[PDB]
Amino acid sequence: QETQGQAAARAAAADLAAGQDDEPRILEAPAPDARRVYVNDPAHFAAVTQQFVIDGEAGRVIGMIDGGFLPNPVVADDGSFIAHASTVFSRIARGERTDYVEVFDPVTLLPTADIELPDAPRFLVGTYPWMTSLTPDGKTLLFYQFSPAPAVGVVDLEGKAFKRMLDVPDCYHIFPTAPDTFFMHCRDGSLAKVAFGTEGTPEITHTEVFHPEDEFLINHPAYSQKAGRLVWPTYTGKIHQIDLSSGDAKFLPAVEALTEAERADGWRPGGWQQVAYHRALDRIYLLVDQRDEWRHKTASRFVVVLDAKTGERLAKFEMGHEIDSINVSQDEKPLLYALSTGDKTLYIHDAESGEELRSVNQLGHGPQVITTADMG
């Protein structure tokens, strides 16, 4: 119940009274850990953007990272670095475009690499986490290109160099599964598995078509690279789960996040990052609310929690705020992070009880993407 700013005043007052000297200097952020959480602010399409590095346990901003236009954040699951693919222009929003990737030290936050991407190849889109993605080893960053056609760019983080573009079919998102492989979701309702070398036509294989043309799969599926679990809601709260851990796609049984009576009464998922997945608990969290069928990017006030294996509902939390995105820490007794784009506040909840524990406000203009490292 003492706030951090109160504790700080108390401590400063004591140093003054005691004659204690200290050198003004640049702080290091505390070492990354499971309760570190990143909030990216795409700032409703502004040319420049911000990421907030947050201690979820203390509910303290421990740093920030500046970015350009609709950057794609990635966080190495092991805590060793963070990175983004970003876009700047020579005159704010006009002039020569430079796309680049920066890699940052997670405690000093200094850029340790700045790697130009030739020919301005990034997909500019409202931020979808899985449109830029690290391979599990951390050495390669894969970014999606839409124009002139779906393609995927390969960046060597270890050599700090752009490598190549890969031509892919009419597919979307990048779920890497290995140093040289990733999956994408195709217009035709299949997944595409893409395996690529330094040179040569990548090997592309499609799964069977796993959803009908009129079942719509949201832009913000949750993907646990460490579990190979792709958790993909539909507009109706039907949840496809795809197991990629074998290195090939296995389709798991569908579950419904909502009951028939809920669905008959207009319950549907909605928001941005509508879904989270806690690896250790094998639990899905889905933002849902009563809503018309085409209000699917609106905030929601409820999180249903369900057992990913059985589809059994474990909880329905009344979040008590307009939540657009959720994610969870990947530790035991996880935190359930509930980001409100409209309140520019991350609410931090106990994920077991749903109780709000604390909050971090003033997180930019339009914060929408929560990222955590899965360090365990």
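The first residue of the sequence shown is number 1, and the count goes up from there.
Here 308 to 316 and 32 to 40 are compared by their mean Cα B-factor, and 308 to 316 comes out higher. Judged by mean Cα B factor in the deposited record, 245 to 253 ranks above the other of 245 to 253 and 182 to 190. Of the residues listed, 102, 170, 199, 99, the entry assigns the biggest Cα temperature factor to 199.
The PDB entry assigns its highest CA temperature factor, among 145, 87, 219, 259, to 259. Residue 233: CA B factor lies in the lowest third for its chain, per the PDB record. Among the modelled residues of its chain, residue 106 has a C-alpha B-factor that falls in the middle third according to the deposited record. The PDB entry assigns residue 205 a C-alpha temperature factor belonging to the highest third of its chain's modelled residues. Looking at the C-alpha B-factors along this chain, the one for residue 332 belongs to the highest third.
Per the deposited record, the Cα B-factor of residue 278 falls in the middle third when ranked against the other modelled residues of its chain.
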